[PDB]
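Accompanying notes for the structure given below.
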Amino acid sequence: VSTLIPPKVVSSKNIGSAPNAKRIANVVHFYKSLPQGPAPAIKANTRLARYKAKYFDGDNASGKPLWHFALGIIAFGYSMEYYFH
Amino acid sequence: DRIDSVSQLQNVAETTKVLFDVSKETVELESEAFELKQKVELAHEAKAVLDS
């Protein structure tokens, strides 16, 4: 008999139902987000970090470190091969 | 797309202000029309009876 008032009732529930769950999921991660490679930490030195940076990095990612390890184990084992036989 | 949808609440309240005001205003301003209806009916009856 009178005029009910829909057009300003969105205060109680934000428009949409499915994207409401994703709103909180995607709005919160943008605060603590790296602008462009912040704190890359590409430089380190712990007597083995240089080897990791030079060979164990994703830029090369080749089979050369495995061959170097094989050569090193051969060099180490030559001495005890002489010692045993 | 949500941004585009929410862009349309920006100024709805300002217009619906006057909308909700004038809605009830005009709906209740027919009281003078209701008071004029009985006078018009009395006038119609008077003209009809003297025509009779």
Of B:19, B:42, B:29, the one that fluctuates the most in a GNM where chain B has Cα springs shorter than 10 Å
B:42
Can you give the Rg/Rh ratio of the protein assembly as shown, where Rg is from the C-alpha atoms and Rh is the Kirkwood radius?
1.65
Considering only C-alpha atoms, what is the centroid distance from region A:21-50 to region A:61-85, in Å?
38
Net charge near residue A:2: determine it from the other residues with C-beta under 12 Å of the C-beta of residue A:2, scoring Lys and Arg +1 and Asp and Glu -1.
0
Largest first and rounded to whole Å, the semi-axes √(5λ) derived from the alpha carbon gyration tensor of chain B read 50, 10, 5
Across A:13-25, the residue-averaged tally of Cβ atoms belonging to other chains within 10 Å stands at 1
Over 32 Å (Cα to Cα) among A:22/A:52; A:22/A:54; A:43/A:64; A:8/A:32; A:32/B:17 -> A:22/A:52; A:22/A:54; A:8/A:32; A:32/B:17
Quick calc of log₁₀ I(q)/I(0), region A:17-85, Debye, one scatterer on every Cα, no solvent, q values 0.11, 0.15, 0.25, 0.27 1/Å, result -0.59, -0.76, -1.09, -1.14
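Bear in mind that the values in this text are calculations on the coordinates, not laboratory data. Neighbour counts are summed over all protein chains in view; Cβ atoms, including those assigned to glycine, are modelled from backbone coordinates with ideal geometry.
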